[PDB]
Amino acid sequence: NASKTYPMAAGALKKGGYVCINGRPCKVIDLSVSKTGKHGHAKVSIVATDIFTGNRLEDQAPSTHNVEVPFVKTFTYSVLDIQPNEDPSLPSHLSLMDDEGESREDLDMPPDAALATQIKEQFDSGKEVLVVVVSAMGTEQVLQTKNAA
C-alpha cells in the first residue's frame, strides 16, 4: 500500500474541497454543473487552485465518474532558527520543532514570497513563530503562519 488518494463521485464535490487534477492536489474554487443529459446524466465543471503552486487548473467529468481526492495532512511546528542557503539566491533553511520535542531540519522556506517574508519578520521580532506544514501527494510545504499566546 502506497496509495495517497481516495475515490469520490464527481457530483459529491463542493467549493472548498480537494480534488486531483493532472495528478496535482487542488482545492476547488469554482464549481459548475450542467442540467442533465438524456438520462438524468449531468456533467460537472471544476476550477481548482493547486495548494502548493497556486496554479489554476480546470477539469470536467460526468457526475457518476469517480475522481481522486488527495489525503491532506497538517502538522504545526515552532521555528527555532532560519539559516540562509549556501547559495544566496536559493530559499532559506528552516529549523523546526514539533509538540513532542523533536526537531527537523529537512524543510526549507516556501516558494511563496510574501509568506517567507512574514515568517522572517515575525521571527526577527522575537515572537514565537508557528508554521503549518501541509502534506499531500509526496510534496510537503509550509502554507500558513501564526503565533502562540
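We number the residues from 1 along the sequence you see.
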property: Mean temperature factor over C-alpha atoms, higher-scoring stretch between 97 to 105 and 36 to 44; result: 36 to 44
property: Among modelled residues of the same chain, the CA temperature factor third for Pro111; result: highest
property: Record-listed C-alpha B factor of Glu68: chain third; result: middle
property: Chain-wide C-alpha B factor ranking for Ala12, given as lowest, middle or highest third; result: lowest
property: Ranked C-alpha temperature factor of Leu57 among modelled chain residues, by third; result: highest
property: Chain-wide C-alpha B factor ranking for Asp81, given as lowest, middle or highest third; result: lowest
